[PDB]
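Chains as they are written, first to last, in full-length UniProt numbering: chain X, 808 to 863, 869 to 888, 911 to 957, 969 to 1238; chain H, 2106 to 2153; chain S, 1287 to 1335.
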């Protein structure tokens, strides 16, 4: 009984510590899902103000009142009229005003959840205040704490790149083309270049998001005007024009934009915001050890050996990930090459065979003649070829 | 009343095997099933 | 014309290439990280010498 009560108290304390830093993200995700459910015209101010808030307690009450206004509003060439295009569809009288609206009133409580913690705190940014990464391999619990606390400070650039890649995968348009061009620019440079260019990239995409949503919502139906982009094509059928409009992501009458694009760009927004938040507190951990300019082994390292003293299982995990990781990545790239059917597949095949043919003799730092520098040059060539393949596709 | 001539059976087989579109996946299965069912009977087991 | 050239069904996807890119970017990031100098020390003089 007492042990169960203590466990319950520990669980509620840890979930409260999770909430006091994750309620903002949770409510943002919920609002994004809700606005993906309803993509009508009147959602412009709210997406604009959420984008401004992500870009930057004065902003905490901006959306609190507007959702009440939405709740106030929800209680209130052709083939459609003004109220339906606005987002106010006159439902069947006598059925219900709250027929399918069971989250907006909950969203008000969600804003209260974000507000009660703010009010009671001012009347540190870590769930675990006794964290220590010096000997994270001495306990599996400490390894979990490392994964949950510095798991993003360690690899935030990588997870942002993964988010961009999945956005390209689920995007497949000219926006995907500019995204992969940005990916090519980012992946072929050192840390200083992204240090300088990330602010420009994030402001460009933050400005682009509202314009994307304006393109999504479109134009009023009874505007007595036709989109110019509907008559560029001189001598091809209307389906070709529709395909051209869809690929360039321009508004068209009677469009049914799926929510996958909005989900992807919302996750891009959140990943960029987290990356910038950790980017302000920059240090020396996320810096390459090759800045000195030589390939010789560093005489003294700030970490102990892991190949020996195999104790517990996290040491085994490090050994597996650091000793045979290249085998796993070569397996993945060979599977990707064999999956496709093109000359790019042949390039993947030949590059992976010539990479695997140099097993261990080429992994030697003996001065010159294809040393560690040449190995990294070959790996950078692999990056270049992969980005060329994706951008060409 | 008589057995189907091989020319008519061949023409019917060609018409059945060329009846699909290159967009929808389910039409492939329908055409395959129709061709497989037709191939179960030779020109001697079909009459007109 | 689509019948003549006859693409298989739709296969021009951008899939497994993405996860391959993920794995290789992770590997190249590890190549510029810690514990890897110790890894190559284990490779050198315990496999050949």
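Note that the Cβ used here is the ideal one computed from N, Cα and C, for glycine as well.
Does the distance from the CB of residue 941 of chain X to the CB of residue 837 of chain X come in under 8 Å? At the C-beta level, residue 941 of chain X and residue 837 of chain X come within 8 Å of one another.
Whole-number beta carbon distance between residue 1167 of chain X and residue 1316 of chain S, since they are thought to touch under 8 Å: Between residue 1167 of chain X and residue 1316 of chain S the Cβ distance is about 7 Å, and since that is below 8 Å, they are a contact.
Specify the secondary structure class of residue 1237 of chain X as computed by DSSP and reduced to three states. Collapsing the DSSP output to three states places residue 1237 of chain X in a helix.
Strictly below 8 Å CB to CB, what residues from chain S border residue 825 of chain X? Within chain S, no residue comes near residue 825 of chain X; the closest Cβ sits about 27 Å away, beyond 8 Å.
Min CB distance residue 1292 of chain S to chain X below 8 Å: So, not an interface residue.
Just confirm the distance between the C-beta atoms of residue 1047 of chain X and residue 1117 of chain X, as a whole number of angstroms; I'd bet it's less than 8 Å. Sure, about 5 Å apart at Cβ, within 8 Å.
May I ask you to list, following chain order, the residues of the stretch 985–1015 of chain X that have a beta carbon less than 9 Å from some beta carbon of chain S? Answer in chain order: 1000, 1002, 1003, 1006, 1007, 1010, 1011, 1013 and 1014.
Thinking C-alpha only, which one of H:2109, H:2149, H:2112 and H:2121 is nearest residue 2142 of chain H? Ranking H:2109, H:2149, H:2112 and H:2121 by Cα distance to residue 2142 of chain H puts H:2121 first.
Anyone know if the C-beta pair for residue 883 of chain X and residue 939 of chain X falls short of 8 Å? With respect to the 8 Å criterion, residue 883 of chain X and residue 939 of chain X are classified as neighbours on the basis of their beta carbons.
May I ask you to report which of helix, strand or coil DSSP gives residue 1200 of chain X? If DSSP states are grouped into helix, strand and coil, residue 1200 of chain X belongs with the helices.
Can you tell me where the alpha helix (DSSP H) with residue 1117 of chain X in it begins and where it stops? For residue 1117 of chain X, the enclosing alpha helix (DSSP H) stretches over residues 1105–1125.
Per DSSP, residue 2108 of chain H is paired with what? In DSSP, residue 2108 of chain H forms a bridge with H:2152.
Which stretch, first to last residue, makes up the alpha helix (DSSP H) that contains residue 967 of chain X? In the model as presented, chain X runs from 957 straight to 969, which leaves residue 967 of chain X without coordinates.
Beta-carbon gap between residue 985 of chain X and residue 1164 of chain X smaller than 8 Å: Inclusion of residue 985 of chain X and residue 1164 of chain X in the CB contact set at 8 Å is not warranted, their separation being larger than that value.
My guess is that residue 1174 of chain X and residue 1335 of chain S are in contact by the Cβ rule of under 8 Å, so how many angstroms apart are they, rounded? With a Cβ gap of about 28 Å, residue 1174 of chain X and residue 1335 of chain S do not count as contacting.
Near residue 1209 of chain X, what residues of its chain come up, given a Cβ to Cβ distance below 8 Å and the 5 sequence neighbours on each side ignored? Excluding five sequence positions before and after residue 1209 of chain X, the CB atoms of its chain that fall closer than 8 Å to its own CB belong to 1216, given in chain order.
Output needed for residue 2151 of chain H: all residues of its chain with C-beta closer than 6 Å, excluding positions within five of it in sequence on either side, in chain order. Closer than 6 Å at Cβ, skipping near neighbours: 2109.
Measuring alpha carbon to alpha carbon, tell me which of X:1180, X:1103 and X:1119 ends up nearest residue 1004 of chain X. Cα-wise, what sits closest to residue 1004 of chain X is X:1119.
Are residue 1151 of chain X and residue 1137 of chain X touching if we call contact CB-CB under 8 Å? Cβ distance not < 8 Å, so residue 1151 of chain X and residue 1137 of chain X don't count as in contact.
Give a yes or no on contact between the stretch 1061–1077 of chain X and the stretch 846–854 of chain X, applying the rule of three or more CB pairs nearer than 8 Å. Per the Cβ contact rule, the stretch 1061–1077 of chain X is in contact with the stretch 846–854 of chain X (3 or more Cβ pairs under 8 Å).
Touch check for the stretch 1092–1104 of chain X and the stretch 1071–1080 of chain X: three-plus C-beta pairs under 8 Å? Output reads yes: the stretch 1071–1080 of chain X touches the stretch 1092–1104 of chain X.
Any contact between the stretch 808–819 of chain X and the stretch 918–927 of chain X? By contact I mean 3 or more CB pairs, one from each, below 8 Å. Result no; under three Cβ-Cβ pairs closer than 8 Å.
For the stretch 1182–1192 of chain X against the stretch 1287–1307 of chain S, do three or more pairs of beta-carbon atoms, one drawn from each stretch, fall closer than 8 Å, so that the two count as touching? Taking 8 Å as the limit for Cβ pairs, the verdict is that the stretch 1287–1307 of chain S does touch the stretch 1182–1192 of chain X.
Determine whether the Cβ of residue 2127 of chain H lies closer than 8 Å to any Cβ atom of chain S. With respect to chain S, the C-beta atom of residue 2127 of chain H has a partner C-beta closer than 8 Å.
Short-range partners of chain S found in the stretch 1156–1177 of chain X, where Cβ spacing is below 7 Å: If the cut-off is 7 Å between Cβ atoms, the stretch 1156–1177 of chain X has 1163, 1167, 1168, 1170, 1171, 1173, 1174 and 1177 near chain S.
Check the Cβ-Cβ distances between residue 1288 of chain S and every residue of chain X, and say whether any is below 8 Å. No - not a single Cβ of chain X is within 8 Å of the one on residue 1288 of chain S.
Start and end residues, alpha helix (DSSP H) containing residue 1289 of chain S: Unbroken alpha helix (DSSP H) run through residue 1289 of chain S: 1288–1291.
If you measure from the beta carbon of residue 1308 of chain S to each beta carbon in chain X, is any gap under 8 Å? Yes - at least one Cβ of chain X is within 8 Å of the one on residue 1308 of chain S.
Quick one: is residue 1212 of chain X buried, meaning 16 or more other Cβ sit within 10 Å of its Cβ, or exposed? By the 10 Å Cβ count, residue 1212 of chain X comes out exposed.
Residue 1113 of chain X, buried or exposed, once every other Cβ within 10 Å from all chains shown has been counted against 16: So residue 1113 of chain X counts as buried.
Would residue 2147 of chain H be called buried (16 or more neighbouring beta carbons within 10 Å of its own) or exposed? That one is exposed.
If you measure from the beta carbon of residue 2130 of chain H to each beta carbon in chain S, is any gap under 8 Å? Interface with chain S (8 Å Cβ-Cβ cutoff): residue 2130 of chain H is included.
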